[PDB]
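One chain is shown next in structure tokens, namely the form deposited without its partner chain.
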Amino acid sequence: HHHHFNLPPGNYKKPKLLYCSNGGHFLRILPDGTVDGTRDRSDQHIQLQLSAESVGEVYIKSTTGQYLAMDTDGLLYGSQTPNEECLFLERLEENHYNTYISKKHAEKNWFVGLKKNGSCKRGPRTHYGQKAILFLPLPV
């Protein structure tokens, strides 16, 4: 592998919000395929349903059935169908948080990450050690 295998506790039985304390945003996947973060906890597009393919690998699906994905240039988008860009390595980080690494671009260490302003970070701009990549799964 290219990454450690410390896994977070928790299951995928129910949907979850993914909160980033970097800017205080919940990860959001809009029906138009746009991905960003919002502080509005009443938002109807922050409820995410995760599911595991292989141990430690996950799909992250929006309320409308879209799949979080990272494209060839490191930009997150919501895909209508599951493809190789939709698999993420879900890992425990700092003994507490959840991080999501693009499986397809794992060797480049590209993570799901939210900037302090709520915009998504592009793959190459993410790195181990940033607060932007740290998420806390929360009940809806």
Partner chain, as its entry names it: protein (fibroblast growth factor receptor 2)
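Residue numbers count along the first chain shown, from 1. Only the largest set of C-alpha atoms that superpose within 1.5 Å between the two forms is called the rigid core. Shifts are known only where both forms have a C-alpha.
One more form of this protein exists, namely the form solved in complex with its partner chain; it is left out here, but the text below deals with it.
Enquirer: Only one of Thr64, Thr72, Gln80, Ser51 comes within 4.5 Å of its partner chain in the bound PDB entry by heavy atoms, so just point that one out.
Expert: Only one listed residue qualifies here, and that residue is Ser51.
Enquirer: Though only this chain appears here, would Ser102 touch its partner chain in the bound PDB entry if you measure heavy atom gaps against 4.5 Å?
Expert: No, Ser102 is distant from the partner.
Enquirer: State yes or no: in the bound PDB entry, is some non-hydrogen atom of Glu85 no more than 4.5 angstroms from a non-hydrogen atom of its partner chain?
Expert: No, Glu85 stays farther than 4.5 Å from its partner chain in the bound PDB entry.
Enquirer: Taking the shortest heavy atom distance, is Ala106 within 4.5 Å of its partner chain in the bound PDB entry?
Expert: No, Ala106 stays farther than 4.5 Å from its partner chain in the bound PDB entry.
Enquirer: Do any residues of 19-43 have a non-hydrogen atom within 4.5 angstroms of its partner chain in the bound PDB entry? If so, which ones, in sequence order?
Expert: Read in sequence order, the residues that approach its partner chain (within 4.5 Å, in the bound PDB entry) are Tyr19, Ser21, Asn22, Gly23, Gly24, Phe26, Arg39, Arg41.
Enquirer: Once the rigid core is lined up, which stretches of 3 or more residues in a row have C-alphas that move 2 Å or more between the shown form and the other one?
Expert: Runs with every C-alpha shifted by at least 2 Å: 10-12, 93-95.
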